[PDB]
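The structure under discussion appears below in the form of structure tokens.
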Amino acid sequence: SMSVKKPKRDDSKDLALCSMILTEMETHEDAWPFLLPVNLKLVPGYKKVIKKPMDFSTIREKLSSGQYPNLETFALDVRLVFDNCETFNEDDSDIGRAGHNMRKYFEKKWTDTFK
């Protein structure tokens, strides 16, 4: 509350560490469905169904331009990529399996780096 604070966590490396995670996600072999925005002219249903599209290139540009105020807003956008994927794709499809695998990969790196 006012004049009552928990001890200050060192957050000075967060930006760099989120960038490293994102690099590791970008270079994973199953990242291909997520690298670029879904083409809303060429994929029927996507525009109407997915209210907040997100992809790795869009996260990278937000990260590089100071549009994440803290590491929780960064994690929210990553998870949104996988939540969108589950909304639109069957579990038993290449893209559906890609999203489950990438989500797992991300969640481990996140825990290991920050928890």
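Labels used: A, B, ... for chains in the order of the structure tokens, numbers from 1 for residues in each chain, and numbers from 1 for ligands as shown.
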
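By chain and then residue number, the residues within 10 Å of residue 87 in chain A are residues 49, 50, 82 and 96 of chain A, counting only C-alpha atoms and disregarding those fewer than 5 positions away in sequence.
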
Write out as a compact mmCIF listing (two decimals) with N, CA, C and O atoms, in the first residue's frame each polymer residue whose atoms come within 12 Å of residue 85 in chain A, counting only C-alpha atoms; drop sequence neighbours fewer than 5 positions from it.
# COMPACT_ATOMS: atom_id res chain seq x y z
N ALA A 31 7.60 -23.93 -35.16
CA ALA A 31 7.17 -22.53 -35.08
C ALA A 31 6.44 -22.06 -36.36
O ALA A 31 5.83 -20.98 -36.33
N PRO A 33 3.72 -22.43 -38.08
CA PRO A 33 2.36 -21.86 -38.15
C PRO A 33 2.19 -20.47 -37.50
O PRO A 33 1.11 -19.88 -37.67
N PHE A 34 3.22 -20.03 -36.75
CA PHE A 34 3.11 -18.91 -35.77
C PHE A 34 4.04 -17.76 -36.12
O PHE A 34 4.08 -16.76 -35.43
N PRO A 37 1.63 -13.18 -39.17
CA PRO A 37 0.18 -13.10 -39.02
C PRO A 37 -0.59 -13.95 -40.03
O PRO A 37 -0.11 -14.15 -41.18
N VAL A 38 -1.66 -14.57 -39.55
CA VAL A 38 -2.59 -15.35 -40.41
C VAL A 38 -3.14 -14.37 -41.44
O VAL A 38 -3.43 -13.21 -41.08
N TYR A 46 -11.29 -16.78 -40.19
CA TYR A 46 -10.27 -16.33 -39.16
C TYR A 46 -10.56 -14.99 -38.58
O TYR A 46 -10.64 -14.83 -37.32
N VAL A 49 -13.81 -15.12 -36.33
CA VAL A 49 -13.74 -15.99 -35.18
C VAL A 49 -12.69 -15.54 -34.15
O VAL A 49 -12.94 -15.61 -32.94
N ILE A 50 -11.53 -15.11 -34.63
CA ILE A 50 -10.35 -14.86 -33.69
C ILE A 50 -10.31 -13.38 -33.45
O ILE A 50 -9.88 -12.64 -34.31
N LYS A 52 -8.62 -11.54 -31.37
CA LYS A 52 -7.30 -10.91 -31.16
C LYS A 52 -6.18 -11.76 -31.75
O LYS A 52 -5.60 -12.57 -31.05
N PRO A 53 -5.91 -11.60 -33.03
CA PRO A 53 -4.84 -12.37 -33.68
C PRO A 53 -3.51 -12.00 -33.08
O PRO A 53 -3.31 -10.83 -32.64
N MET A 54 -2.62 -13.00 -32.95
CA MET A 54 -1.26 -12.72 -32.42
C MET A 54 -0.33 -13.73 -33.08
O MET A 54 -0.81 -14.86 -33.39
N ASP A 55 0.93 -13.34 -33.29
CA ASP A 55 1.94 -14.17 -33.92
C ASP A 55 3.33 -13.74 -33.42
O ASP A 55 3.45 -12.64 -32.86
N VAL A 78 2.17 -14.33 -25.81
CA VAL A 78 2.65 -15.63 -26.25
C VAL A 78 1.50 -16.65 -26.12
O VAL A 78 1.22 -17.45 -27.00
N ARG A 79 0.88 -16.68 -24.93
CA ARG A 79 -0.17 -17.67 -24.66
C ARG A 79 -1.36 -17.46 -25.62
O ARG A 79 -1.96 -18.45 -26.05
N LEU A 80 -1.70 -16.20 -25.95
CA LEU A 80 -2.73 -15.85 -26.92
C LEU A 80 -2.47 -16.52 -28.28
O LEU A 80 -3.40 -17.04 -28.91
N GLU A 90 -8.11 -28.34 -35.07
CA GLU A 90 -8.30 -29.61 -34.37
C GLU A 90 -6.95 -30.02 -33.68
O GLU A 90 -5.86 -29.88 -34.27
N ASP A 91 -7.07 -30.58 -32.46
CA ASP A 91 -5.90 -31.23 -31.77
C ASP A 91 -5.15 -32.23 -32.68
O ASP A 91 -3.92 -32.25 -32.75
N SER A 93 -4.27 -32.47 -35.87
CA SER A 93 -3.85 -31.85 -37.14
C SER A 93 -2.39 -31.47 -36.95
O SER A 93 -1.93 -31.37 -35.80
N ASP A 94 -1.65 -31.23 -38.02
CA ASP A 94 -0.28 -30.79 -37.84
C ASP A 94 -0.19 -29.48 -37.04
O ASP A 94 0.66 -29.36 -36.16
N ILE A 95 -1.04 -28.51 -37.38
CA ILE A 95 -0.98 -27.19 -36.73
C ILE A 95 -1.42 -27.31 -35.28
O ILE A 95 -0.80 -26.73 -34.35
N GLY A 96 -2.46 -28.11 -35.04
CA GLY A 96 -2.99 -28.34 -33.69
C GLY A 96 -1.88 -28.94 -32.76
O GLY A 96 -1.68 -28.47 -31.60
N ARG A 97 -1.14 -29.92 -33.26
CA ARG A 97 -0.05 -30.56 -32.52
C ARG A 97 1.14 -29.55 -32.32
O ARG A 97 1.76 -29.52 -31.27
N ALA A 98 1.46 -28.80 -33.38
CA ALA A 98 2.44 -27.71 -33.31
C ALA A 98 2.12 -26.81 -32.15
O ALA A 98 3.05 -26.47 -31.37
N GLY A 99 0.88 -26.36 -32.02
CA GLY A 99 0.56 -25.43 -30.91
C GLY A 99 0.71 -26.00 -29.55
O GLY A 99 1.24 -25.34 -28.61
N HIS A 100 0.29 -27.26 -29.37
CA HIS A 100 0.53 -27.91 -28.05
C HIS A 100 1.96 -28.04 -27.73
O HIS A 100 2.35 -27.77 -26.60
N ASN A 101 2.81 -28.43 -28.70
CA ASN A 101 4.21 -28.58 -28.49
C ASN A 101 4.92 -27.27 -28.14
O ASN A 101 5.77 -27.17 -27.22
N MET A 102 4.60 -26.21 -28.91
CA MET A 102 5.18 -24.89 -28.66
C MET A 102 4.76 -24.32 -27.29
O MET A 102 5.55 -23.62 -26.63
N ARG A 103 3.54 -24.53 -26.91
CA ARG A 103 3.07 -24.05 -25.61
C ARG A 103 3.90 -24.69 -24.45
O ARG A 103 4.40 -23.99 -23.53

Legend entry - All helix (DSSP H, G or I) residues (DSSP, backbone) inside chain A, as a VMD selection string: chain A and resid 14 to 26 46 to 49 56 to 64 71 to 88 94 to 114

Inset, instruction - To one decimal in Å, tell me the separation between CA of residue 58 in chain A and CA of residue 77 in chain A. - result: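 These two atoms are separated by 9.4 Å.
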
Inset, instruction - Compile the contact shell of range 5-17 of chain A as a list in words: residues with an atom at most 8 Å away, counting only C-alpha atoms, same-chain residues fewer than 2 positions apart removed. - result: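 The filter keeps residues 1, 2, 3, 19, 20, 21, 63, 71 and 113 of chain A.
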
Take the residues from that selection and write them out as a compact mmCIF listing (two decimals), in the first residue's frame, keeping N, CA, C and O atoms.
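The resulting file, result-v8.txt, is shown below:
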# COMPACT_ATOMS: atom_id res chain seq x y z
N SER A 1 0.90 -1.19 0.00
CA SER A 1 0.00 0.00 0.00
C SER A 1 0.92 1.22 0.00
O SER A 1 2.17 1.06 -0.15
N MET A 2 0.37 2.43 0.22
CA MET A 2 1.19 3.66 0.33
C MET A 2 2.33 3.61 1.34
O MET A 2 2.11 3.50 2.56
N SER A 3 3.57 3.82 0.84
CA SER A 3 4.79 3.74 1.65
C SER A 3 5.06 2.31 2.25
O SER A 3 5.80 2.12 3.21
N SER A 19 13.53 -11.61 -24.91
CA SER A 19 14.08 -11.69 -26.29
C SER A 19 14.74 -13.03 -26.60
O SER A 19 14.55 -13.59 -27.67
N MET A 20 15.51 -13.56 -25.65
CA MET A 20 16.13 -14.83 -25.79
C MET A 20 15.13 -15.98 -25.89
O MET A 20 15.29 -16.86 -26.72
N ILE A 21 14.13 -15.98 -25.04
CA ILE A 21 13.04 -16.96 -25.13
C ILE A 21 12.36 -16.90 -26.50
O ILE A 21 12.15 -17.95 -27.11
N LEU A 63 7.93 -6.11 -28.62
CA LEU A 63 9.06 -6.22 -27.69
C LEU A 63 10.17 -5.18 -28.00
O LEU A 63 10.58 -4.46 -27.13
N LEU A 71 6.88 -8.26 -17.81
CA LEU A 71 7.00 -9.63 -18.38
C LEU A 71 5.61 -10.38 -18.41
O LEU A 71 5.41 -11.24 -19.28
N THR A 113 13.36 -19.71 -16.40
CA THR A 113 14.02 -18.43 -16.46
C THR A 113 13.60 -17.52 -15.30
O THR A 113 14.41 -16.77 -14.83

Inset, instruction - May I ask which of the residues A:104, A:47, A:109, A:41 is the closest one to residue 22 in chain A, counting only C-alpha atoms? - result: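 Of A:104, A:47, A:109, A:41, the one nearest residue 22 in chain A is A:109, counting only C-alpha atoms.
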
Inset, instruction - Quick one: pull the distance between CA of residue 29 in chain A and CA of residue 106 in chain A, Å, one decimal. - result: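 Those two atoms sit 13.5 Å apart.
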
Can you list, as a short mmCIF file (atom, residue, chain, number, x, y, z; two decimals) with C-alpha atoms, in the first residue's frame, every protein, DNA or RNA residue that comes within 7 Å of residue 56 in chain A when you count only C-alpha atoms, leaving out same-chain residues fewer than 4 positions away?
data_model
loop_
_atom_site.label_atom_id
_atom_site.label_comp_id
_atom_site.auth_asym_id
_atom_site.auth_seq_id
_atom_site.Cartn_x
_atom_site.Cartn_y
_atom_site.Cartn_z
CA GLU A 26 11.25 -18.49 -33.45
CA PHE A 34 3.11 -18.91 -35.77
CA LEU A 35 5.93 -16.93 -37.42
CA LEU A 36 3.71 -14.47 -39.32
CA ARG A 60 8.91 -9.38 -31.68
#

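Taking CA of residue 76 in chain A as the reference point, CA of residue 32 in chain A is found at 20.0 Å.
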
Inset, instruction - Compare A:28, A:23, A:112, A:45 by their minimum atom-to-atom distance to residue 57 in chain A, counting only C-alpha atoms, and give me the closest one. - result: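 Of all the options, A:23 lies closest to residue 57 in chain A.
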